[PDB]
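Structural characterization, general
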Amino acid sequence: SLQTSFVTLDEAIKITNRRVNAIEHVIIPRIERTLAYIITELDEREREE
Amino acid sequence: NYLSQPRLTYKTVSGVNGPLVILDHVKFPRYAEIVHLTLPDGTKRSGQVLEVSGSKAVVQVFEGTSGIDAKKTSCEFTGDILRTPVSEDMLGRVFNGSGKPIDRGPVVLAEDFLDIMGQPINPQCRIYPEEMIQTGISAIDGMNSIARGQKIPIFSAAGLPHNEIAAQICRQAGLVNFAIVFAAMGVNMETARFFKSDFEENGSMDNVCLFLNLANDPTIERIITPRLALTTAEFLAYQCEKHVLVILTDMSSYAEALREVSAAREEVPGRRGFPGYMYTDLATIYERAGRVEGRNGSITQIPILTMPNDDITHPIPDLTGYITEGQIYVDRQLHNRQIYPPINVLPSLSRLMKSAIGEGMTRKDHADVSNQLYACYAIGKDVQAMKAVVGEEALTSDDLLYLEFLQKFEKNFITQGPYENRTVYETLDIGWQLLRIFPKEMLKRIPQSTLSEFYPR
Amino acid sequence: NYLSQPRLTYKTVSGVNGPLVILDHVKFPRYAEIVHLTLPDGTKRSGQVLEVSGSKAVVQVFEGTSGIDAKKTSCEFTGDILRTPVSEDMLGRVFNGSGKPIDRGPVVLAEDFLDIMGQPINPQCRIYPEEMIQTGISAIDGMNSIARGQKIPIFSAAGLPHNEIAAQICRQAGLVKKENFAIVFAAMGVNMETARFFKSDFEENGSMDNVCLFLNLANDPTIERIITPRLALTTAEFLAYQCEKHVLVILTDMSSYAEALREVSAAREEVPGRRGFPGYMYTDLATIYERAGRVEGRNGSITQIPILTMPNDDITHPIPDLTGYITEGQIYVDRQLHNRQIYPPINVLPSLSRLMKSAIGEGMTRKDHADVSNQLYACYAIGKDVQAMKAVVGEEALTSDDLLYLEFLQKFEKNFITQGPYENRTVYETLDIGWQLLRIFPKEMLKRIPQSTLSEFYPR
Amino acid sequence: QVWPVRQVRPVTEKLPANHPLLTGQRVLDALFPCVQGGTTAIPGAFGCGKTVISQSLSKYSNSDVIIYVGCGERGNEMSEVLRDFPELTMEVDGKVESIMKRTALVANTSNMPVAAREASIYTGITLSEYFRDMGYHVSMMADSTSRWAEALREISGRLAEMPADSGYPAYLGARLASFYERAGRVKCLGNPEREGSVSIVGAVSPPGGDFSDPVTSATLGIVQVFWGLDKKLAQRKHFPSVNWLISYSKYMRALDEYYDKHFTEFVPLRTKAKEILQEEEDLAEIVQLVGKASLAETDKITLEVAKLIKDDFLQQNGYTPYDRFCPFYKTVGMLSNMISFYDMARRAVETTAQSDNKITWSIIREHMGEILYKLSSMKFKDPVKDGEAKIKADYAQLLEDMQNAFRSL
Ligand SMILES: Nc1ncnc2c1ncn2[C@@H]1O[C@H](COP(=O)(O)OP(=O)(O)O)[C@@H](O)[C@H]1O
Ligand SMILES: [Mg+2]
C-alpha cells in the first residue's frame, strides 16, 4: 500500500515540479516580453500623433 | 584658385531659437557654408548654414546659442563649406572634437585642405577585402574572421569591457603596421585616460591620431568628430598609401547628438524618436572604409556601440547592423560569469569571413570547423534551456554530450585573458579538440573528406 | 431644361501638388463641380472641385497631375456636378474606374443622367428585408444567414481566398425553395490576375449578359477609386428602383478605396483621424454602404457585399472597425483555417449577420434553424476553450465530456465548414449536416435547444 | 531609343504564368515555388541572407537576362557581383560563357544621394521591360525596396507633407503597387508574335525586424510569393533562413499541371513534407511544456523525420561546392527517400504496436544508424563532379539499403 502510493506520489511530485518550472521559465517570460512590446508600440503611436 | 575676394561680416541676426541663429540681408547665401560668430563678450563660436531662402540663412551653432543676442553679435561668412587641414604630421597628435590641438603642440601645416563630408567611392573602383587580420582573439578569428578593409562594430552595453577588447584588438592586429585613427564622442575622463595610457604604454603613440570630445564638451561637435577622423584616414590610406584602423568610440553618443539636433528642426521622426534619415547618415560614416583599385592603402573600421537596455532591436544597433559587414557582440551574461572576452558568438557575424578563409588563405578545415562549432553551441544552448524545465534525469547521453561541449567551449575557445595572442592555427586545433568529444557521425556540417583527415589526430 | 450657356476656360492655374490643382480668378465657383483639363501636349484629364473660396478653387484630378504646368494647361468648367449616363444596356458591358468602356463597344447612349451621389431615400419608405438568400455555403446559410436587401461585408487579409468566396456566392446564390440576380461588380486597386479571375468566372458560368463590371486595376490612377463605388451603386439603383431587377453588388477591396481617401486628405493637409485616415471616414463610407435594400411600391432590390483586406489581420484597424458600425454583419476569413487547407476559411465566431434572426425559421426555412444555429455555435465556442486548455495540461486531464466537445470541434471543421469550391448545399442539407454533429452529444448537453425541437429532430 | 522611366512599356496582352523560376535552393523550389512573370517579397532582419538569395538566384536561375538593382545597400555587396560573375560560367552549345554576358547592374549605394534611389528602381524595371519586349524571360532583383520607401520619407518630410503610417507618405502603397504591376508574362507589341516576361524579387528590410513594418505590410498585400526569413534560424547558421510556417506561394495551383508532366511523383511528396513539418510544429509546444515522455511512437517518428528534413533537406550552404546549386532531380530524389523512410518507419510501428513483441523508434535507430548517416549524407552528392546518372543511381541504392533493413524487422 505504502509503496504503490509512494510510486504514484513520486510521479505526481515530478509532474508538479515540471509545471512550476514551465510557468517560471517558459510562460511568464513570454508574457513579460509581450507586455514590454505593447508598452513600447503605444509610445510610438503617441509620437506619430 | 584661391578665394581672393574679401569676406562679408553681418550684424543682421533677425532671430534666435534652440540651437539655430537666423541671419537676414545675406548676399547670395551658400548652403552648408561655415560662419564664424563673435559674441558681445568677445567669445568666438562657429556654425554651419543649415538652410537658405532669398536673403535669409539659418545657422546651427556648434558650441550652442546661449548668450547670443540680436544687436551686438557679429557673423563672418567664410565663402566655403567645412574643410579640414590634413598632413602626415597628424600621427602622434591629440585634437579636440573640432580638430583644434590639445597636446600643447602647434596647429597643422596642411599638405592639403579636404572636404570633411568625403565623397562616394565608385563601386567599379572598390576592391573586395580578402586578406584576413589575425586579432589573436579566438572568438573573433575562428568564428567571425576580419578581412583588412572591413566594417565590423563591437555591440556592447554600459559596464561591459568593450574598451579593453578594442584596446586588445589595436594591440594584437596583424596579417595571418596599422596606423590608428581614434575618435571619442561623449567619453568620461577615465575612458579618455585608458586609451591614451594604453597607446603610450605599448610605445605606439607616435603612430596614433586621437580626436577627443568628452562628456562635458559641446554636443554638436560629435556630429563632425567622426567626419574629421575619417577624412584623416582617407588621406593616410588613399594618398599616403598606409593601412589605417579607425576606431569610433560610442556611436550611440553620435546618434543621441544627431537626435537632439534633428528634434530642434522638427524633421520627420523614425523609430524611438531618431531622425527619419538616420540610416543614410550612419551610412555616410560606415561606407568610408575598404580597399580601392591601384592604391596600396586601406581603411578598416571598428565602431563601438552601447546598446540601450541591452536591446539589439533598438534603432542604433539595428540600423548599424543593416549597414556594417557583421558585428561582434559583448554579452552581460558572460561578463557576470567572469569570462574574458565576453563575446557571445550567436548574435555576432562577419560577412567578409566567407572568402578570407580556407585553402591557401588559412587552412582547408576552417570553413567546416567554424560552422560545426556554431551548430554544437546552438544545440548546447537548446539543451541547457530544456534542462531548466525538466531537470537532469530527463536528459539522454546525447544531450549530455552537447551540455559537456558547452562547458568546455566557453572555458577553452572563448575564455582567453587580456594579453594572450593565439594564432589562427591554435584557434582551429582548439576547435577540433572540442568537436572530438562527439562521435564523428554527429558532425553533420562536416563532409567525410574533412572528417577523415583532421578528426583522428 | 438644359445648361444652354457657354463654358468658361481658364489658363489661371496657380499651384500643383500631389492629386490637387489650384486655380484662381474663377468666376462664381461651384462646389463639387466637374472640370476638364487639357494639357500642353493635348492629353485630356478630368477633375472635381473639392473646395471654393472667393475666386479660388481646388480641383482633385482623377488621372493624376504628371505633365501639368502653371501656364499652358487649361481648365474648362462644366457648370454642373458629376452625373453619369445610365441604361439597362449596361448589363453585359465592361468599363474602367471612370466608367469609360474597355470591351471595345461604344459609350453609353443614355436612358437618363443620374447624380453619382444618389438621392436620400426616406426611412418611412424602406421595407425591412425577410427573404433569405441561400448562398449554398453552410457556414453562411446555417449560422450567418443573409437576407435579400442586406449590407454584409467579407473581412479578409492578404493571401487568403476571399475572391473564391465572392465568386462562389455569385455562382450559387438564389432564394430558398420549400428570381436570379443582376450583378454589379466594382474593383478598386485589384491586380490583373484578380480582374481576369472574376471576368473568366462569369464567362465560365455562361452568364455575362446579366453582369456589369467597373475595373480600376493596381496600375490605373488611385483617385478614380473615389468615384468607382459611386458609378457602380448609381447603376445598381437605376436597375433596382427603375427597371425592377434584383441586384447583387460586389465591391472588391474597400481597403484600397480608403487609401485613396487618405491620399486626398493628406494632400489637403486636413486634421487626421486614427492611422492618418480622414476625420470624416465614417460619414464617407456610410454614403456607399447605405445604398442598399428595398423600397415600398417598387419590386426590385440591392444586396451589398463589400470585401476588405484587413492590414496585419487587425480587425480593430479603422477600415474594418468603422465598416462594422454601418453594415448589418461581417463574414470573417481566417488565416488559421487557411493554413490547414480548410475551405471556406470562414471563422464562425467573429462572423455575424444581424438580419438572420427574422429571415430563418418556421414558414421561412425550417422550424429548427434558429435552435440548431445557437447550439452549433455554443458547441464550437466550448470546444475552442477545451482545445486551448488541453495544450497546457495534456489529454490525461480531459474528461469524457471534454473529449465530446473536442471530437465535435474536429467533425464540425471537417464536415460542416469544409465544403469545396463548386459544391452547393441547400439550407436543408446544411441543417441536416448540422444535426449529424449535434447527435455527438447526449440530449442533456444540448441546453440551447427546447424539448420540442429535440423530440422532433434528434431521434432521426 | 529613349523611354520615360515612370511610364509602363506597352504590350499586346498579359498572360497567365505557366512555368517555374528555378532558384536552385531545395526550400523555395519545393515548398514555395515562383514563376517566370511572378512577384516575390523577401522580408527579414539584418544578416538573414536576403542578398545571398538574390545573388544565388542571379547566378543559377533559368532566365535569359538578369537586371540587378542595389538601391541604398552596400558598395561591397555590388563589388562582390562584379568580382564573381566574370569567373562563373554557364554552358551553351558544348562551350562555356561568362554569366556577366547576360547581366546588367544598377548601383546606388547606401552613402550615394538619397533622392537617386527612386531613379534606380524605375531605371531597373524599364531596362527589364525592354528585354521582355525582345521575347526574353527576364528577372529583376531589387535588393531592398525599404531603402526606396525610406527615401520617399525624407523628400516628403522636407516638402512638409502630412504623414500616414510611421512617417511615410500616403502615396507609398500606390508607388509600390504600380511598380509590382510591371511584372508579368506577355504577348509583346509588334508583329513577329513573340512572348517574354519579367519576374520581380523585391527584398524588404523591416526596421526592428518586425513584419508589422509599413513597407512589409504594404508589400505583402501586393506580391504573390512570400519568403519570410527568420533571425533565429540565421543565428544557428540554418540557411536559407526561411520560416516554412509563415512563408507561402499562390502559384502552386498553376504549377501542379507542369509537375504532373515533368516530375510526376513530386506533388504527393510536397504534400507529405508540409504535413510532417506542420505535425512537428503542433508537437513541439507539448514537448516543451510536458517533457516528451507522453509521445506515441508515431509521434517520435514524426519528430525525427521532421528533424531529418529540417537539418538535411531544407538546409543548404550556398558557398560549399556540392550545394551552390541543387537541381530539381536532386531535390525530388532527396525528398522521395526521406518521405519513403517516414512511410516505412511508420508502417513498421503501425503494423506491430498491437503485438507482445513490437517496434519502437529506439529499435529503428539502433538497427539503422548506417542508413540514417546515408540519409544525412545525400546533400553532399555533387551535380557536376558526380553528375545526374551517379546521383540517381546512389539514391536508388539508399532505397534498397533501407528496404533490406525493414525486410529485416
Ligand atoms: N545561403 C547562405 N549560405 C551560406 N551563408 C549564408 C547564406 N545566406 C547568408 N549567409 C551568410 O550570412 C551573411 C549575411 O547575408 P546577407 O544576404 O548579406 O544578409 P542581409 O539580409 O543582411 O543582406 C552572408 O555574408 C553569409 O556569411
Ligand atoms: Mg542586403
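Residues numbered from 1 in each chain as written, not as in the entry; some residues may be left out. Chains lettered and ligands numbered in written order. Part of a larger assembly, values for the part shown. Heavy atoms only, no water.

As documented in the archive entry, the model was determined using cryo-EM at 3.3 Å resolution.

1. Re the arrangement of the chains
Ranking the 4 pairs of chains in contact by number of contacts places chains B and D first. Here chain A and chain C are not in contact; the least distance found between their C-alpha atoms is 9 Å. Between chain B and chain C there is no contact; the minimum C-alpha to C-alpha separation amounts to 14 Å. (Contact = heavy atoms within 4.5 Å.)

2. Let's talk about the UniProt feature "binding site: ATP" in chain B
Here the UniProt-annotated "binding site: ATP" positions come out as B:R351. Mapped onto the fold, B:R351 is located in the loop between β22 (349-350) and α9 (353-356). Those residues in contact with B:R351 that sit more than four places away from it in its chain are B:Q150, B:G321, B:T324, B:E325, B:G326, D:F46, D:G47, D:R74 and D:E77. At 3.4 Å, the side chain of B:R351 and the backbone oxygen of B:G321 are in polar contact. (UniProt positions renumbered as here; feature names shortened; annotations may be inferred. Helix = DSSP H or I, 4+ residues; strand = E, 2+ residues; numbered from the N terminus. Polar contact = N/O pair within 3.5 Å; in protein donor to acceptor, adjacent residues only side chain to side chain.)

3. What to know about the interface of chain A and chain D
Taken together, the contacts link 8 residues of chain A with 8 residues of chain D. With both chains or domains summed, chain A and chain D bury close to 580 Å², and 42% of this area falls on carbon and sulfur atoms. Summed over the shared surface of chain A and chain D, the result is 1 salt bridge. With a shortest N-O distance of 2.8 Å, D:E285 and A:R30 are connected by a salt bridge. By residue class, the composition of the side of chain A that touches chain D is 4 nonpolar, no polar and 4 charged. (Buried area = accessible area lost by both parts, 1.4 Å probe. Salt bridge = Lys/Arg side-chain N within 4 Å of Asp/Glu carboxyl O. Nonpolar A, V, L, I, M, F, W, Y, C, P; charged D, E, K, R; others polar.)

4. As for the UniProt feature "binding site: ATP" in chain C
Residue and element names in this part refer to chain C. Those residues carrying the UniProt feature "binding site: ATP" are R354 in this numbering. Mapped onto the secondary structure, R354 falls in the loop between β22 (352-353) and α9 (356-359). Accessibility expressed as a relative area gives 48% for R354, which makes it partly exposed. Excluding anything up to four places from it in sequence, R354 contacts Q150, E328 and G329. (Buried < 20%, exposed > 50% of the residue type's maximum accessible area, 1.4 Å probe, protein only.)

5. A few points about the sheet that holds strand β9 (residues 94-96) of chain C
Pairing between the strands of a sheet comes from backbone hydrogen bonds, and it takes one of two forms, parallel or antiparallel. Residues and elements named next belong to chain C. Spatially, β9-β17-β16-β18-β20-β14-β21-β22 is the arrangement adopted by the 8 strands of the open sheet, whose pairing is mixed. A strand with exactly one partner marks an edge of an open sheet, and here the two such strands are β9 and β22. Pairing of strand β21 (residues 329-332) with β22 involves 2 bridges; the strand directions are antiparallel. Bridged to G329 within β22 is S353. (Pairing = 2+ DSSP bridges.)

6. Quick look at the pattern of salt bridges
Residue and element names in this part refer to chain B. This structure, assessed with the given rule, holds 95 salt bridges over all chains. Between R457 and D429 there is a salt bridge, and its shortest N-O distance comes to 3.2 Å. Placement of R457 in the segment after α13 (448-454) and of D429 in helix α12 (residues 424-435) is noted, with a sequence separation of 28 residues between them. Three or more residues are tied together by salt bridges with common partners; here these are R363, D365, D429 and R457.

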